[PDB]
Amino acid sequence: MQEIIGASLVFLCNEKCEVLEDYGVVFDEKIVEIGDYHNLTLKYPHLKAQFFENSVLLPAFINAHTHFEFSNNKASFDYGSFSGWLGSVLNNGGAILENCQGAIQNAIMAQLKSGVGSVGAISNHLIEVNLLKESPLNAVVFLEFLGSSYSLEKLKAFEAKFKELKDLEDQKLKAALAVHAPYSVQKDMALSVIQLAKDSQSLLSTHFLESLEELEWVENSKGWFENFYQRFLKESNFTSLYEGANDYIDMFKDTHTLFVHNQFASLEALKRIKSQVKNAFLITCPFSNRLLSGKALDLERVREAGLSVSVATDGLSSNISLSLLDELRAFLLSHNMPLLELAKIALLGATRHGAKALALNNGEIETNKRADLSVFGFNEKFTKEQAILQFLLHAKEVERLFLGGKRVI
C-alpha cells in the first residue's frame, strides 16, 4: 500500500534531467503521484509521509553490465593493455572462479549500498544466479556464449543452459543472452545465439571494439590476435571470424542489443549500429577501459552518431570497485567535457538510459514506473544548478533504498 517520501532535492531523471526542490512521491509498488511534498501531505493526510531534509531523492540506479562471477579478482589479471589482460585471464584457467559465493554476495551488497536497484549481470555458468535471486536486486542475467570453433554439441549444451535460466525467471529475474565478442564467437554460433534470442524474445549484449588489437583483427586480420587461437585455444584459425565490423554489426539487425565499450568503433561503425540494430544501447565502462586498452570512449563521437550511453561498472575482473557511484566519479574524470554538462550525462547514464537498455520499468521518477527509489543524505542543501554534480561527488552510501515499494535499506 501507499506512502509518501520527500527530500530537499528530487532528481526526476527524465531526459531533461529535471531537479525539483522540496518535492515528494506517493508510491505503493509503483509511483502513484508526484508533487510538492507539503501539498502532497495535505492532499493525502492519512498516508505515511517522511521528509528527508538536505537529502536527494532519485531513482535507484541501473548497472547494465557487470560480471559477478569474477568477483574474487584483485590482482589475478594484468593491466595496462587489453592483450596483456586477456592473456592473463585465459592463463588463469578459471582458477579465480572457484570459491566464488562470498565475493559475489559482497558484490551484491556493494551494488545495493551504492543505490543500485537493477543489474545487467553477464554470466557464463550461472554461478551467481542463486545469490541474485535471493537478493532484492532486479536482475537481467545475460547468459554469455563463448566459442570460436563451431560445435553443434556446444550449441545444444548452451541452449540447455539457457533453458535452465529461463525456468528461473520471475518478477525479479529476466533471462537474456549475450555474444561475447567478435574475436571469441564463430559467426554461425553467434547467429544461432541471436536466433534463440528472437525465439525467446530475449535481450542481447556484446562487447564491441574494446581494443586496438580487436580493431586490427576485425578489420585486417592482423595484430596480436594472429596467434591468439593457437596459443590460448588450441584452434587452427589465423583469420578473423568476421570480415569487417559491419559483418558483425549486421547480425544484430533489428534487435534490442547492448553494445559494450565501443571506444575503437569509428563514426561509421557507430552509425551502422544505430541504423542496422534500430534498438541499440551503448554501454560505457570508464574504469575498465582505462585498465585495459587505456582509451576512453569518445563521447563527442557517440553524440555525432546520434546515440547515448549508459554507465556501468563491469566486473572486478577489470575494476577495483562495484559501487556505481565510484564508477560515475571515474566517468567524470575520464572525459574532458564541461563538468556540469557531463554530470547530467552521468546521472542519466546511471538511471533512465540503463533502464531503457534493460527494458525495465524504472530509472525515472514518473507515475506508473516502479517504486525503485534511493535517498542519499548530506550535511548541506545543494543549489539547484550544482545539485547533480555535488550529488555525484559526495554520494557514497544510500540512506534509504526502496525496491518495488519495499524498504531494502
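All residue numbers are counted from 1 along the displayed sequence.
- In this entry, 237 to 245 shows the higher mean Cα temperature factor of the pair 237 to 245 and 77 to 85.
- Mean CA temperature factor is higher for 273 to 281 when stretches 273 to 281 and 326 to 334 are set side by side in the entry.
- The residue among 371, 347, 42, 62 whose C-alpha carries the highest B-factor in the deposited model is 42.
- Annotation for 190, 258, 299, 121: 299 ranks highest, by Cα B-factor.
- Residue 356 sits in the lowest third of its chain by CA B factor, as recorded in the PDB entry.
- Residue 314: CA B factor in the lowest third of modelled residues in this chain (values from the PDB entry).
- Among all modelled residues in this chain, the alpha-carbon of residue 377 has a temperature factor (C-alpha) in the middle third.
- Ranked against the other modelled residues of its chain, the C-alpha B-factor of residue 294 as given in the entry falls in the middle third.
- Ranked by C-alpha B-factor against the other modelled residues of its chain, residue 182 falls in the middle third.
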